[PDB]
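Comments concern the structure below.
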Amino acid sequence: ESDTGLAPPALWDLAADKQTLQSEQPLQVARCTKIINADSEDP
Amino acid sequence: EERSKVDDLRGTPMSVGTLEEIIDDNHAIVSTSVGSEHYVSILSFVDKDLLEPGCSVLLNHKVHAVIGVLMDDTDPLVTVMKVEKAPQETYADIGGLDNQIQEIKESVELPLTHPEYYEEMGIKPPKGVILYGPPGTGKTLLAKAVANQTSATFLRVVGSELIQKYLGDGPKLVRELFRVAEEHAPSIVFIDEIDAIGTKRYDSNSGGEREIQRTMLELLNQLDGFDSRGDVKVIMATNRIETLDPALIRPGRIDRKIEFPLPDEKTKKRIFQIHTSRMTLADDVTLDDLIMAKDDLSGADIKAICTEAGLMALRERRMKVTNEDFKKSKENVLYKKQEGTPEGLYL
Amino acid sequence: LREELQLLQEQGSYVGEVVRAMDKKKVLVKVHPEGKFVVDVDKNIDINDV
């Protein structure tokens, strides 16, 4: 069956109210990459 | 009510993601199916206990946040290779190789059943046992003969259900196998044909060999992590040995190098009897002339005779097999490798 | 001709090969250029479509 992390409701009931909503619009999505080099006095 | 709100809080076209690593600060790094890696946040109803590096989760399209953990039949690739049923005949199937039986009995059954010889003196049991020699010299038949007489679970690895292309599935199933070896009885790790993965220790620059050398190094690491193994026995078998990994032949890891030399016409007569046992052997046939004439044939050849003897009976619409069928199968099947012998020169 | 023209002004549909999936009105569709997707069924079709 599609479980999808059921978590029987005692540990996330307060967390699912609006803390999810503050993780949606303020918290953006980033990506991890690699740095080749840099420059002096100007990044 | 509350279950329907959170099941509708996330987006409906949920995308199948892939975990890479976990940071314990309400976010983590994941990986898409295209390999693009996204530094996303994780929710709090996600049941943060089963989260493992290598599992799959559910992601969003907008922010790609970790919606929920995804099952994967929990491991389809360690439960198939585990033997559940009984193997072949225990000790009477084989013959003539009783020199090596005391080796494998005292190295496996004696550390398990009677671990007091090792405690009266203080001599540790061996871990690695290597089976090499001629190709098809009866290494498959011997490994099933030992694994029948047992009191513990047994593991059977093909050797080709280890290398994938997912960049992490190589070293993953090493821990998956040894956990099954740990959670169950102190089983016998039988990984057959390790020569395709372990040879000559070369490093190249492409992305083709890097999935081999790490998995080779991680298995050598996970075998000898030296923390807690619980007396895991490992049997490794290939045909050849000269193009293999030298640092597994060195002591400290494997101190048993069992060879299987070539048999004689003495061991054949049982193999002729065993292969001509589950058939309609008519009482007008002779097998002893077929043993006396041909001087080089293995268990695969006799089985190839028995099938050809079975085919010739079905051609002329019969049930039993006549003696001329065994003669014509001996003169048709066995004429494929008879080449090269110094006759009439030696005494 | 208007019926053929009104459905013409409409975006294309994907394809997904499904061998098996789960129940509870969510199926498992794997597209060709990308990976798998847990999606939702329609109301014009059934669920027993595995």
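Since every read-out is calculated from the coordinates, none of them should be taken as a lab result. Quick reminder, even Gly has a Cβ in these numbers, built from the backbone with ideal geometry, and neighbours come from all protein chains shown.
Counting only residues that are in a loop (DSSP other than H, G, I, E, B) and on the phi < 0 side of the Ramachandran plot, how many does the stretch B:192-248 have? Spell out the reasoning first.
Within the stretch B:192-248, the subset in a loop (DSSP other than H, G, I, E, B) is B:193-209, B:224-232, B:238-245.
With on the phi < 0 side of the Ramachandran plot added as a condition, the list becomes B:194-199, B:202-209, B:224-225, B:227-229, B:232, B:238-245.
Number of matching residues: 28.
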Kindly provide the set of residues from the stretch B:295-323 that are part of a helix (DSSP H, G or I), exposed (fewer than 13 other Cβ atoms within 10 Å of the Cβ) and hydrophobic (A, V, I, L, M, F, W, C), ordered by number.
-> B:300, B:311, B:314
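Say whether the condition of being in contact (Cβ under 8 Å) with a residue 60 or more places away in the chain and either assigned to a loop (DSSP other than H, G, I, E, B) or surrounded by 10 or more Cβ atoms within 10 Å (Cβ to Cβ) (or both) is met by at least one residue in the stretch B:271-283. Step through it out loud before you land on a result.
To start, the set of residues in the stretch B:271-283 that are in contact (Cβ under 8 Å) with a residue 60 or more places away in the chain comprises B:271, B:274.
Applying the additional criterion that residues be either assigned to a loop (DSSP other than H, G, I, E, B) or surrounded by 10 or more Cβ atoms within 10 Å (Cβ to Cβ) (or both) yields B:271, B:274.
Yes: the stretch B:271-283 contains one or more residues that are in contact (Cβ under 8 Å) with a residue 60 or more places away in the chain and either assigned to a loop (DSSP other than H, G, I, E, B) or surrounded by 10 or more Cβ atoms within 10 Å (Cβ to Cβ) (or both).
So which residues in the stretch B:249-270 are of a type in the set (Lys, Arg), surrounded by 11 or more Cβ atoms within 10 Å (Cβ to Cβ) and part of a loop (DSSP other than H, G, I, E, B)?
Within the stretch B:249-270, the subset of a type in the set (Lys, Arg) is B:250, B:253, B:256-257, B:266, B:268-270.
After this cut, where a residue has to be surrounded by 11 or more Cβ atoms within 10 Å (Cβ to Cβ) as well, the list is B:253, B:256-257, B:268-270.
The one that is of a type in the set (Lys, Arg), surrounded by 11 or more Cβ atoms within 10 Å (Cβ to Cβ) and part of a loop (DSSP other than H, G, I, E, B): B:253.
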Where residues in chain A are facing chain B (nearest Cβ under 8 Å) and outside any loop (DSSP other than H, G, I, E, B), which of them is surrounded by the fewest Cβ atoms within 10 Å (Cβ to Cβ)?
-> A:31
Only one of (1) touching a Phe, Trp or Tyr at 6+ places or on another chain (Cβ under 6 Å); (2) free of Cβ contacts under 8 Å to residues at least 60 places away in the same chain is not met by residue B:133, so which one is it?
-> (2)
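At least 1 residues that are among the acidic types (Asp, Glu) in each: list the strands (runs of 3 or more DSSP E) lying fully within the stretch B:18-130 that qualify.
Details: elements: B:18-23, B:27-31, B:38-41, B:56-59.
Those strands (runs of 3 or more DSSP E) span B:18-23.
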List pairs: first in the stretch B:41-61 and more than 7 Å from chain A (Cβ to nearest Cβ) and at negative phi, second assigned to a loop (DSSP other than H, G, I, E, B) and polar (S, T, N, Q), Cβ under 8 Å, 6+ apart or cross-chain?
-> B:42/B:26; B:59/B:32
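Here are some residues: B:31, B:4, B:15. Which one is within 14 Å of chain C (Cβ to nearest Cβ) and touching an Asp or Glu at 6+ places or on another chain (Cβ under 6 Å)?
On the way: B:4 fails: touching an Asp or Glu at 6+ places or on another chain (Cβ under 6 Å); B:15 fails: touching an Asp or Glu at 6+ places or on another chain (Cβ under 6 Å).
Unique residue meeting the criteria: B:31.
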If residue C:16 passes every condition in (1) under 12 Å from the mean Cα position of the chain (by Cα); (2) surrounded by 10 or more Cβ atoms within 10 Å (Cβ to Cβ); (3) more than 14 Å from chain B (Cβ to nearest Cβ) but one, which one does it miss?
-> (3)
